[PDB]
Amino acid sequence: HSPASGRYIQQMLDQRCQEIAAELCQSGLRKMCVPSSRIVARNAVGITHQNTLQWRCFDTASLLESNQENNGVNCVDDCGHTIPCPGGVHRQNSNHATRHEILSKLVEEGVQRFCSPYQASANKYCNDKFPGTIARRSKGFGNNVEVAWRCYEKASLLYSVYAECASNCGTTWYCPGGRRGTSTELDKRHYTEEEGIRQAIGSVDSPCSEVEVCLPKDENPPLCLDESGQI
């Protein structure tokens, strides 16, 4: 068991999308008659004139290997933030079903189960200061070694790259959505906030008593074990 996000919200969205595709197939929608391996949930633009980010059930066979670059697809972390995932929408040829309401509801429900209150606090600090940003302890511009707590514009993160985030005990954890420390323009889109983010994390009340040891888990609540006596 790794100290890492299980990406449980994304898993649930993919499974729900697999069920929806199967239901559309039964309704006669031929292009939705596929094995489950072909269907994922992504938050993205759609076909032409579908220009808002919405939760949609995509056939992966219709996705483009690259985006360029307003047509990227986004996956979701376990605190419900959308982050760039591999691939792009084909604006003419996409095979998808927009299901924004049900998929958004599943995200909201999942956040309660899976989002570390310590991470939620760090994310809130960042969004309050820099709207749209989330917290990670990760790389900056043109330095692929140094990590620091920063408020990152979500578009600058990579879902396939894990980066440090706060566990539900306020201890080291790793979450999808990280930086490579490359030197692209996107690599600039962050605001380093060591003091403010650490304070946000430090301000969270423990799920355990002062007489218990917090052992973090990939779901809330963490384990609170009775502290060992002067045995």
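When you see a residue number, it is the position in the sequence shown, counting from 1.
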Does at least a third of the other compared PDB entries (those resolving both flanking residues) leave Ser183 without coordinates? no
Check whether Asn70 has no coordinates in at least a third of the other compared PDB entries of this protein, counting only entries that model residues on both sides of it.
yes
Quick note on 129-137 and 69-77: per-entry mean CA temperature factor is higher in 69-77
Averaging the C-alpha temperature factors as deposited, the higher value of 39-47 versus 199-207 falls on 199-207
Max C-alpha B-factor within the set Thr98, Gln92, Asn123, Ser156 falls on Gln92
Reading the B-factor column for Cα atoms of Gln112, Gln119, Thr82, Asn143, the highest value belongs to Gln112
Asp59: CA B-factor among chain residues, third -> middle
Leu24: CA temperature factor from the record, placed by chain third, in the lowest
On the chain's distribution of Cα B-factors, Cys17 falls within the third called lowest
